[PDB]
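J.: Below is one structure. I have some questions about it.
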Amino acid sequence: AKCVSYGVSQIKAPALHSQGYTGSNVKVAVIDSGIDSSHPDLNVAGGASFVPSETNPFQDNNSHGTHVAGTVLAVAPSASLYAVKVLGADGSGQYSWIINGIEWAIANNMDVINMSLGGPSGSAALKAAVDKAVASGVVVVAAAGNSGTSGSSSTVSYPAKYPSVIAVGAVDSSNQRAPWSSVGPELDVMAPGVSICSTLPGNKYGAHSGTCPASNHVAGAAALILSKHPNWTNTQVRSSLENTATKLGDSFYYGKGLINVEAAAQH
């Protein structure tokens with residue numbers, strides 16, 4: 001009935017909020033199912049739809065992208081979020097649609113791309129677009145995936161699996177890896193992703209679990225770091241997050257560990 005996720009204080013975002021840094025001026029493309037801009041606790045700054053049968057990026061039929069927007073804004077309240085819709089009612093999107101989203105983010109000078117989406121395969125064209133975004137200076141963050149462990153295999157999804165992307169896995173309030181959080185050498189950092197409370201369509205709130213909400217926290221944290229260091233490059237934003245993370249378990253399962261946006265914004 002109007003929650004804030006425990007994850008905001010777990011990544012130490014409050015420490016930036018009290019310095020007066022809240023993501024002001026940072027363009028964040030939420031590449032997802034869209035965002036219910038009808039929600040009174042959300043500011044959407046604009047958007048576009050690359051789903052051919054669904055022209056409206058501000059209608060969230062699946063309720064995923066609205067949750068994403070909320071979690072990004074809980075970390076970075078004055079961030080400018082753009083609803084970039086590449087996922088249909090079925091919850092999946094063609095590579096051509098997702099690539100259209102990424103090309104859009106580059107053309108409209110997004111500072112941060114959040115991709116709370118995955119699949120088990122890549123494409124040369126997908127990797128090309130993600131790399132091109134990071135070359136042009138965009139911080140690209142993506143959910144590591146919800147495939148759990150599978151012996152010695154990487155279970156990290158594309159595009160999080162690409163080295164040009166910040167792959168984000170999910171811990172709970174105890175910094176324990178969620179059993180469904182994907183794993184592998186491509187896993188970069190962890191953030192809260194268990195029962196994360198946020199905005200849902202129709203002026204509602206509720207908890208989602210997944211690496212999607214984990215990655216939402218990191219995209220938020222990037223917007224908080226660029227609030228404070230507006231002249232930092234994506235390389236510097238990414239190093240700050242990785243080099244100041246709180247170490248947890250092995251890097252196969254946890255990567256660098258829990259992000260600490262407080263320590264990151266001092267680096």
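FYI, nothing fancy with the structure tokens labels: chains A, B, ... in order, residues from 1 per chain, ligands from 1 as they appear.
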Using backbone DSSP assignments, extract all strand (DSSP E or B) residues from stretch 170-249 of chain A; output them as a list in words.
T.: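 Of stretch 170-249 of chain A, the ones in strand (DSSP E or B) are residues 170, 171, 177, 189, 190, 191, 192, 196, 197, 198, 199, 200, 204, 205, 206, 207, 208 and 246 of chain A.
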J.: Write out as an mmCIF file with N, CA, C and O atoms, in the first residue's frame the residues lying within 6 Å of stretch 195-208 of chain A, counting only C-alpha atoms and excluding same-chain residues fewer than 2 positions away.
T.:
data_model
loop_
_atom_site.group_PDB
_atom_site.id
_atom_site.type_symbol
_atom_site.label_atom_id
_atom_site.label_comp_id
_atom_site.auth_asym_id
_atom_site.auth_seq_id
_atom_site.Cartn_x
_atom_site.Cartn_y
_atom_site.Cartn_z
ATOM 1 N N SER A 5 11.540 -0.802 -1.395
ATOM 2 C CA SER A 5 12.324 -2.066 -1.231
ATOM 3 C C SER A 5 13.477 -1.866 -0.229
ATOM 4 O O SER A 5 14.128 -0.759 -0.265
ATOM 5 N N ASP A 36 3.653 1.592 -17.137
ATOM 6 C CA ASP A 36 2.347 2.269 -16.915
ATOM 7 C C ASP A 36 2.614 3.676 -16.367
ATOM 8 O O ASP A 36 2.671 3.839 -15.148
ATOM 9 N N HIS A 39 0.664 5.490 -13.420
ATOM 10 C CA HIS A 39 0.987 5.342 -11.981
ATOM 11 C C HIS A 39 1.387 6.707 -11.420
ATOM 12 O O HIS A 39 2.278 7.368 -11.950
ATOM 13 N N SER A 63 2.956 -6.283 -16.649
ATOM 14 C CA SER A 63 3.200 -5.676 -15.314
ATOM 15 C C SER A 63 4.705 -5.719 -14.928
ATOM 16 O O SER A 63 5.099 -5.262 -13.851
ATOM 17 N N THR A 66 6.736 -1.814 -15.451
ATOM 18 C CA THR A 66 6.263 -0.886 -14.381
ATOM 19 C C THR A 66 7.030 -1.173 -13.082
ATOM 20 O O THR A 66 7.450 -0.241 -12.422
ATOM 21 N N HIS A 67 7.184 -2.436 -12.703
ATOM 22 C CA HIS A 67 7.956 -2.871 -11.514
ATOM 23 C C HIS A 67 9.385 -2.400 -11.688
ATOM 24 O O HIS A 67 9.904 -1.811 -10.743
ATOM 25 N N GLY A 70 9.777 1.441 -11.171
ATOM 26 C CA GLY A 70 9.690 1.686 -9.724
ATOM 27 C C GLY A 70 11.016 1.442 -9.033
ATOM 28 O O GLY A 70 11.436 2.320 -8.238
ATOM 29 N N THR A 71 11.649 0.287 -9.283
ATOM 30 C CA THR A 71 12.880 -0.119 -8.565
ATOM 31 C C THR A 71 14.024 0.819 -8.974
ATOM 32 O O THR A 71 14.785 1.221 -8.071
ATOM 33 N N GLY A 193 17.271 -8.966 -5.234
ATOM 34 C CA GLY A 193 16.300 -9.460 -6.233
ATOM 35 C C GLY A 193 15.276 -10.433 -5.681
ATOM 36 O O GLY A 193 14.475 -10.960 -6.467
#
J.: Dump as CSV the rows for residues of stretch 133-244 of chain A within 8 Å of stretch 8-22 of chain A: closest atom pair and distance in Å with one decimal, only C-alpha atoms counted, ordered by chain and rising residue number.
T.:
residue,atom,partner,partner_atom,distance
A:173,CA,A:10,CA,7.6
A:191,CA,A:11,CA,7.2
A:192,CA,A:10,CA,7.6
A:217,CA,A:8,CA,7.5
A:221,CA,A:13,CA,7.3
A:223,CA,A:22,CA,7.7
A:224,CA,A:22,CA,5.6
A:227,CA,A:21,CA,5.7
A:228,CA,A:21,CA,6.1
J.: Counting only C-alpha atoms, which residue out of A:185, A:210, A:122, A:163 sits closest to residue A:134?
T.: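 Going through A:185, A:210, A:122, A:163 one by one, the smallest distance to residue A:134 is for A:163.
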J.: Using only C-alpha atoms, which of the listed residues (A:32, A:119, A:239, A:164) sits closest to residue A:182?
T.: A:119
J.: Could you pull the residues within 9 Å of residue A:156, counting only C-alpha atoms, minus those fewer than 3 positions along the same chain, as an MDAnalysis selection string?
T.: chainID A and resid 118:120 143:148 159:161 167 181:187
J.: Write a file of the selected residues as a PDB file, in the first residue's frame, keeping N, CA, C and O atoms.
T.:
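What follows is the written file result.pdb:
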ATOM      1  N   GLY A 118      16.319 -11.583 -20.944  1.00  0.00           N
ATOM      2  CA  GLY A 118      17.356 -12.553 -21.342  1.00  0.00           C
ATOM      3  C   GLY A 118      16.806 -13.541 -22.365  1.00  0.00           C
ATOM      4  O   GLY A 118      15.589 -13.544 -22.562  1.00  0.00           O
ATOM      5  N   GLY A 119      17.662 -14.286 -23.061  1.00  0.00           N
ATOM      6  CA  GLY A 119      17.387 -15.589 -23.701  1.00  0.00           C
ATOM      7  C   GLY A 119      18.660 -16.439 -23.690  1.00  0.00           C
ATOM      8  O   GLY A 119      19.774 -15.921 -23.487  1.00  0.00           O
ATOM      9  N   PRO A 120      18.536 -17.756 -23.949  1.00  0.00           N
ATOM     10  CA  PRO A 120      19.663 -18.693 -23.867  1.00  0.00           C
ATOM     11  C   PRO A 120      20.673 -18.622 -25.027  1.00  0.00           C
ATOM     12  O   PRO A 120      21.754 -19.158 -24.874  1.00  0.00           O
ATOM     13  N   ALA A 143      20.051  -8.173 -16.388  1.00  0.00           N
ATOM     14  CA  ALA A 143      19.777  -9.344 -15.544  1.00  0.00           C
ATOM     15  C   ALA A 143      20.621 -10.532 -16.023  1.00  0.00           C
ATOM     16  O   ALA A 143      20.643 -10.809 -17.201  1.00  0.00           O
ATOM     17  N   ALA A 144      21.296 -11.202 -15.106  1.00  0.00           N
ATOM     18  CA  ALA A 144      22.183 -12.349 -15.384  1.00  0.00           C
ATOM     19  C   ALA A 144      21.333 -13.521 -15.869  1.00  0.00           C
ATOM     20  O   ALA A 144      21.858 -14.391 -16.580  1.00  0.00           O
ATOM     21  N   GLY A 145      20.054 -13.530 -15.513  1.00  0.00           N
ATOM     22  CA  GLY A 145      19.139 -14.629 -15.846  1.00  0.00           C
ATOM     23  C   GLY A 145      18.659 -15.356 -14.600  1.00  0.00           C
ATOM     24  O   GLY A 145      19.281 -15.196 -13.547  1.00  0.00           O
ATOM     25  N   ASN A 146      17.592 -16.149 -14.746  1.00  0.00           N
ATOM     26  CA  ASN A 146      16.872 -16.873 -13.667  1.00  0.00           C
ATOM     27  C   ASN A 146      16.953 -18.385 -13.932  1.00  0.00           C
ATOM     28  O   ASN A 146      15.983 -19.081 -13.659  1.00  0.00           O
ATOM     29  N   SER A 147      18.096 -18.880 -14.402  1.00  0.00           N
ATOM     30  CA  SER A 147      18.312 -20.299 -14.826  1.00  0.00           C
ATOM     31  C   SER A 147      19.005 -21.122 -13.735  1.00  0.00           C
ATOM     32  O   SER A 147      19.247 -22.298 -13.960  1.00  0.00           O
ATOM     33  N   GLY A 148      19.330 -20.526 -12.603  1.00  0.00           N
ATOM     34  CA  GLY A 148      20.026 -21.238 -11.524  1.00  0.00           C
ATOM     35  C   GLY A 148      21.373 -21.787 -11.974  1.00  0.00           C
ATOM     36  O   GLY A 148      21.856 -21.408 -13.073  1.00  0.00           O
ATOM     37  N   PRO A 159      21.550 -10.582 -23.325  1.00  0.00           N
ATOM     38  CA  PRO A 159      22.889 -10.051 -23.559  1.00  0.00           C
ATOM     39  C   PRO A 159      23.821  -9.906 -22.347  1.00  0.00           C
ATOM     40  O   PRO A 159      24.899  -9.426 -22.549  1.00  0.00           O
ATOM     41  N   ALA A 160      23.429 -10.315 -21.148  1.00  0.00           N
ATOM     42  CA  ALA A 160      24.242 -10.134 -19.913  1.00  0.00           C
ATOM     43  C   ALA A 160      25.580 -10.871 -20.056  1.00  0.00           C
ATOM     44  O   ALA A 160      26.591 -10.461 -19.478  1.00  0.00           O
ATOM     45  N   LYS A 161      25.574 -11.947 -20.823  1.00  0.00           N
ATOM     46  CA  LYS A 161      26.747 -12.809 -21.046  1.00  0.00           C
ATOM     47  C   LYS A 161      27.841 -12.073 -21.815  1.00  0.00           C
ATOM     48  O   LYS A 161      29.006 -12.466 -21.652  1.00  0.00           O
ATOM     49  N   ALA A 167      26.520  -7.771 -16.034  1.00  0.00           N
ATOM     50  CA  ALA A 167      25.597  -8.872 -15.716  1.00  0.00           C
ATOM     51  C   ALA A 167      25.361  -8.874 -14.209  1.00  0.00           C
ATOM     52  O   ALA A 167      26.351  -8.899 -13.483  1.00  0.00           O
ATOM     53  N   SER A 181      19.102 -17.541  -9.379  1.00  0.00           N
ATOM     54  CA  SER A 181      20.050 -16.529  -9.925  1.00  0.00           C
ATOM     55  C   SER A 181      21.114 -17.235 -10.771  1.00  0.00           C
ATOM     56  O   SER A 181      21.826 -18.111 -10.252  1.00  0.00           O
ATOM     57  N   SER A 182      21.242 -16.848 -12.032  1.00  0.00           N
ATOM     58  CA  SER A 182      22.177 -17.454 -13.007  1.00  0.00           C
ATOM     59  C   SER A 182      23.628 -17.248 -12.554  1.00  0.00           C
ATOM     60  O   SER A 182      23.899 -16.378 -11.703  1.00  0.00           O
ATOM     61  N   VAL A 183      24.525 -18.074 -13.095  1.00  0.00           N
ATOM     62  CA  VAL A 183      25.929 -18.183 -12.608  1.00  0.00           C
ATOM     63  C   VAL A 183      26.862 -18.387 -13.791  1.00  0.00           C
ATOM     64  O   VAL A 183      26.391 -18.761 -14.861  1.00  0.00           O
ATOM     65  N   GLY A 184      28.143 -18.114 -13.593  1.00  0.00           N
ATOM     66  CA  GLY A 184      29.151 -18.210 -14.665  1.00  0.00           C
ATOM     67  C   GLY A 184      30.241 -17.155 -14.540  1.00  0.00           C
ATOM     68  O   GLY A 184      30.143 -16.228 -13.728  1.00  0.00           O
ATOM     69  N   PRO A 185      31.314 -17.274 -15.355  1.00  0.00           N
ATOM     70  CA  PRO A 185      32.389 -16.286 -15.340  1.00  0.00           C
ATOM     71  C   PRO A 185      31.914 -14.905 -15.816  1.00  0.00           C
ATOM     72  O   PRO A 185      32.570 -13.936 -15.448  1.00  0.00           O
ATOM     73  N   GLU A 186      30.784 -14.819 -16.538  1.00  0.00           N
ATOM     74  CA  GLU A 186      30.259 -13.532 -17.103  1.00  0.00           C
ATOM     75  C   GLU A 186      29.447 -12.760 -16.051  1.00  0.00           C
ATOM     76  O   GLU A 186      29.102 -11.587 -16.260  1.00  0.00           O
ATOM     77  N   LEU A 187      29.166 -13.379 -14.919  1.00  0.00           N
ATOM     78  CA  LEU A 187      28.460 -12.703 -13.813  1.00  0.00           C
ATOM     79  C   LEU A 187      29.399 -11.635 -13.246  1.00  0.00           C
ATOM     80  O   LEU A 187      30.538 -11.967 -12.962  1.00  0.00           O
TER      81      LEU A 187
END
J.: Using Å and a single decimal, report how far atom CA of residue A:84 sits from atom CA of residue A:57.
T.: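 Those two atoms sit 6.4 Å apart.
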J.: Please determine, counting only C-alpha atoms, which residue among A:42, A:141, A:128, A:194 has the shortest atom-to-atom distance to residue A:7.
T.: A:194
J.: When you look at residue A:216 with a cut-off of 7 Å (counting only C-alpha atoms), what residues show up, excluding the ones that are within fewer than 5 positions of it in the same chain? I need them as an mmCIF file with N, CA, C and O atoms, in the first residue's frame.
T.:
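To be explicit, this is the file written out as out.cif:
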data_model
loop_
_atom_site.group_PDB
_atom_site.id
_atom_site.type_symbol
_atom_site.label_atom_id
_atom_site.label_comp_id
_atom_site.auth_asym_id
_atom_site.auth_seq_id
_atom_site.Cartn_x
_atom_site.Cartn_y
_atom_site.Cartn_z
ATOM 1 N N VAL A 68 9.969 -2.642 -12.862
ATOM 2 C CA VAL A 68 11.350 -2.204 -13.204
ATOM 3 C C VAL A 68 11.473 -0.696 -12.936
ATOM 4 O O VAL A 68 12.338 -0.308 -12.117
ATOM 5 N N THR A 71 11.649 0.287 -9.283
ATOM 6 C CA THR A 71 12.880 -0.119 -8.565
ATOM 7 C C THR A 71 14.024 0.819 -8.974
ATOM 8 O O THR A 71 14.785 1.221 -8.071
ATOM 9 N N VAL A 72 14.123 1.189 -10.254
ATOM 10 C CA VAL A 72 15.147 2.162 -10.751
ATOM 11 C C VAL A 72 14.945 3.501 -10.036
ATOM 12 O O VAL A 72 15.941 4.071 -9.571
ATOM 13 N N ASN A 114 18.941 -0.330 -19.264
ATOM 14 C CA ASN A 114 18.591 -1.414 -18.316
ATOM 15 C C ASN A 114 17.873 -2.477 -19.138
ATOM 16 O O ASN A 114 16.866 -2.154 -19.736
#
J.: Just the residues within 12 Å of residue A:104, please, counting only C-alpha atoms, with nothing from its chain fewer than 5 positions along; format it as a PyMOL selection string.
T.: chain A and resi 29-31+47-50+82-86+97-99+109-110+113+129-130+132-133+138
J.: Pick the closest to residue A:101 from A:260, A:136, A:176, A:33: which is it, counting only C-alpha atoms?
T.: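 Smallest distance to residue A:101 is found for A:33.
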J.: Under the rule that only C-alpha atoms are counted, which of A:262, A:188, A:41, A:54 is the nearest residue to residue A:93?
T.: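 The shortest atom-to-atom distance to residue A:93 comes from A:54.
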J.: Could you tell me how far atom CA of residue A:142 sits from atom CA of residue A:76, in Å to one decimal place?
T.: 17.1 Å
